[PDB]
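*Asks:* Whatever this is, show me its structure:
(5 chains)
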Amino acid sequence: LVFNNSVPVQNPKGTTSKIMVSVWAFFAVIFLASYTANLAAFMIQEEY
Amino acid sequence: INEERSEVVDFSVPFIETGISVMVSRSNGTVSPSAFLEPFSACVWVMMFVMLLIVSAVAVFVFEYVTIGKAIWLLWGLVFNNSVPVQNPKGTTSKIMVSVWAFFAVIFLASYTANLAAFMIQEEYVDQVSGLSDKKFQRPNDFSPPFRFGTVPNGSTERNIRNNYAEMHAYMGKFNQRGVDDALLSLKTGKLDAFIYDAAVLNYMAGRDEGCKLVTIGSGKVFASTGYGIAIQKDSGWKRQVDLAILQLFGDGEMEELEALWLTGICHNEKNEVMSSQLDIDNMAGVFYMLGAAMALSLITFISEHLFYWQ
Amino acid sequence: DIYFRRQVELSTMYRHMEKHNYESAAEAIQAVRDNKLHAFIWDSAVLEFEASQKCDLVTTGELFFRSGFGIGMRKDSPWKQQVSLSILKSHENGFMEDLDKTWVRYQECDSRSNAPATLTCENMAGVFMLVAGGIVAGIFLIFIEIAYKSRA
Amino acid sequence: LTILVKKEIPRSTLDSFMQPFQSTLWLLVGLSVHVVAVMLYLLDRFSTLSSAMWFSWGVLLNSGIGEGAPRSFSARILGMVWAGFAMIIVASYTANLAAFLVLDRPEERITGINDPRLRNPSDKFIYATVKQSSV
Amino acid sequence: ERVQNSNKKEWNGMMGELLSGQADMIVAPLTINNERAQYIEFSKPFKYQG
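*Replies:* Numbers count the residues shown, from 1 in each chain, chains lettered A, B, ... in the order given. Next comes the structure:
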């Protein structure tokens, strides 16, 4: 989920385990939208 | 130059183009009040459904050799980038077209993220007041704290504004200013919303502020275009000579040689850039309007879920 | 032709102008769109209208010789004090502002600010054609696959 | 000869650690999550009940948490546009994050002796050279 | 221009019809110049352009 993939993966057991992955997803969506941004910033300001 | 002075005094040839303009406040930058939903809906958003619904035939054909509700429920989840818990269709022969649809999905959003990222760094701030015929410059009825117009009450703009819009200056009489720089100090501290004065002085003072925030309504749209001039004794013989000589300067290009003192400056809209923190992203209510309308329709279809009671 | 020949420093420029001049305003405007003439020099009050209707041409900014069109009269006719007043009156009570709104700036196409940030998502053929070929080829591959299933 | 001036600070957008617009990165969207879970709950009850927010949060954050789809289609047509709204807000967040990092800063400085900051004097600018020199 | 290969300068075109008595007013886009204003009175000029 940090590298944006629907790999067939069993979730862990119990509803108490469901919280931290829901934090990690919030770490994931912030991450790639950051990384797509800077790269899109980088390749239109660099000089030949 | 006006009519009330031309009866007593004779005048020369107009000398510098000018008029009555209006200096607006130095407001924060704004993006468009909607997301860029402009015409993807003309072709793309309607081709999506009719190219989407056609896979039901092959979804039936793979079970012949799961379609009523599950097919479009699968086919929406991957086009809008979601891991909805969705059962895949049966058989390895069904696995091909979804693998085409995924290739339709990855091309799509990476397109849509691109154009939007193209769109919100080239769009220009639009000039929220334009012209003296707007309702804002009319009687300010329906506005939390209403518009406050500044002017200097002795001169040409007052004598022009008292003969076209009486109630305008009748409202403006409480908002006098005592000087040109004091008008700028009243505009920077929130004491004044807009200022009305001559065109040439305002186009100079737009270029010599320490910052180069927002300046004038439109670009150079003036209301009553006139000129400056040189006043003279009435019907003296020296008019017709001076009337030539000023024109001689226009014949020689020496006014542009006289430009080095006159009206040039720094940041005379020479970027047309806008960078904005999006605290004004609360204009997204339209897609919230695309939200709650479905919250209407989900009740509406609920009413038509009373139809097996008659069937 | 008076303004260029009066100046001496632009004289060489004027020497390039004698072999290509035209006789009417519309002739050079039509000749620019036929690529026989890369540039043209005229008034702003004609060129700013022409670049808003015949929607292939553009102006390029700055101004040189700032003046205004006036009513030409004979010398010392007795109307020289009357017609010079009412024109100013027409600049006061908003008549001329109605006039160019009726006649000059009434139409546009789009101001060429060169904003490529817009659509023209008009056609979608090469990107929809992959699924349009997949829907056609898939039934043939399914027939080959079930022909494999029947044999072994 | 040339002119020497002082460079500014200008910052990066590091201090917006997932807060570029936390004024308007609203919790209103979280209230929308909760009320759309309530709406799907009511649509499934009176035509899978307590787990609806575990559906709905799983729509937003791209996290596949192990639940079931709503049985009624009236909730499904809402879920379609809910996922559509989630894609819209994450794409808009990506583009507005790129907007902070692609745009440069104002205060274009002085250019040669033909600048009115320097040609026409004032008190706000001070100019100097070494005394008794060639300047 | 200097016409008729002599020491005579007449005014071509529109402005000559004002000088020769063919008309008494010119209502057209006619600019204000130093050369025309030697002996032709103008007015406050309609517009401002370049």
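*Asks:* where exactly do the strands run in chain E?
*Replies:* Taking DSSP state E as the test, the strands found in chain E are E:2-3, E:8-9, E:25-26.
*Asks:* what would those look like in TSV with mean neighbour count and distance to chain D?
*Replies:* Placement of C-beta: from N, CA and C, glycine included. TSV is the format used below for those (neighbours: other CB atoms under 10 Å in any protein chain shown; distance: least, CB to the nearest CB, whole Å):
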stretch	mean neighbour count	distance to chain D
strand E:2-3	10	42
strand E:8-9	8	42
strand E:25-26	16	41
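*Asks:* quick one: which of those strands is nearest residue B:222?
*Replies:* Residue B:222 sits nearest to strand E:25-26 of all the strands of chain E, at 26.3 Å, using CB to CB.
*Asks:* That closest one pairs with which strands?
*Replies:* Next to strand E:25-26 in the sheet, as set by DSSP bridges, lie strand C:72-73 (antiparallel).
*Asks:* Now do the following helix or strand past the strand it pairs with: everything it contacts.
*Replies:* Next in sequence after strand C:72-73, counting helices and strands by DSSP states H and E, comes helix C:83-92. The contact list for helix C:83-92 (CB atoms under 8 Å, 6 or more residues apart in numbering or on different chains) reads B:1-3, B:6, B:160, B:163-164, B:224-226, C:71, C:73, C:96, E:43-44, E:46.
*Asks:* what sits against residue 1?
*Replies:* As the question left the chain open, I've gone with chain A. Applying CB under 8 Å, 6+ apart to residue A:1 gives the contacts A:21, A:24-25, A:28, D:62-64.
*Asks:* You answered for a different chain; I wanted chain D.
*Replies:* Residues near residue D:1 by CB under 8 Å, 6+ apart: residue D:135.
*Asks:* In chain A, which residue sits nearest chain C?
*Replies:* Nearest to chain C in chain A, going by CB to the nearest CB, is residue A:44, at a distance of 13.1 Å.
*Asks:* Need the max-distance pair from the contacts of helix C:83-92.
*Replies:* B:164 and C:73 (29.2 Å).
*Asks:* contacting residues around stretch A:34-41?
*Replies:* The contact list for stretch A:34-41 (CB under 8 Å, 6+ apart) reads B:113, B:117, D:94, D:97-98, D:101-102.
*Asks:* Among these, which one has the most neighbours?
*Replies:* residue D:98 (25 neighbours; other CB atoms under 10 Å in any protein chain shown).
*Asks:* What separation is there between that one and residue D:26?
*Replies:* 21 Å (CB to CB, to the nearest Å).
*Asks:* try residue E:19
*Replies:* 76 Å.
*Asks:* now do residue C:28
*Replies:* For residue C:28, the distance to residue D:26 equals 59 Å [CB to CB].
*Asks:* When those two are compared, which one has more neighbours?
*Replies:* Ranked by neighbour count (other CB under 10 Å), residue C:28 and residue D:26 place residue C:28 first, with 18 against 14.
*Asks:* Now do the contacts for residue C:145.
*Replies:* For residue C:145, counting by CB under 8 Å, 6+ apart, the contacting residues are B:92-93.
*Asks:* Phi, psi for it please.
*Replies:* phi -70, psi -40 (degrees, to the nearest 10).
*Asks:* Helix or strand: which one has the closest residue to residue C:94 other than its chain neighbours?
*Replies:* Of all residues not flanking residue C:94 in the chain, residue B:164 sits nearest, at 6.6 Å (CB to CB, 6 or more residues apart in numbering or on different chains). According to DSSP H and E, residue B:164 maps onto no helix or strand at all.
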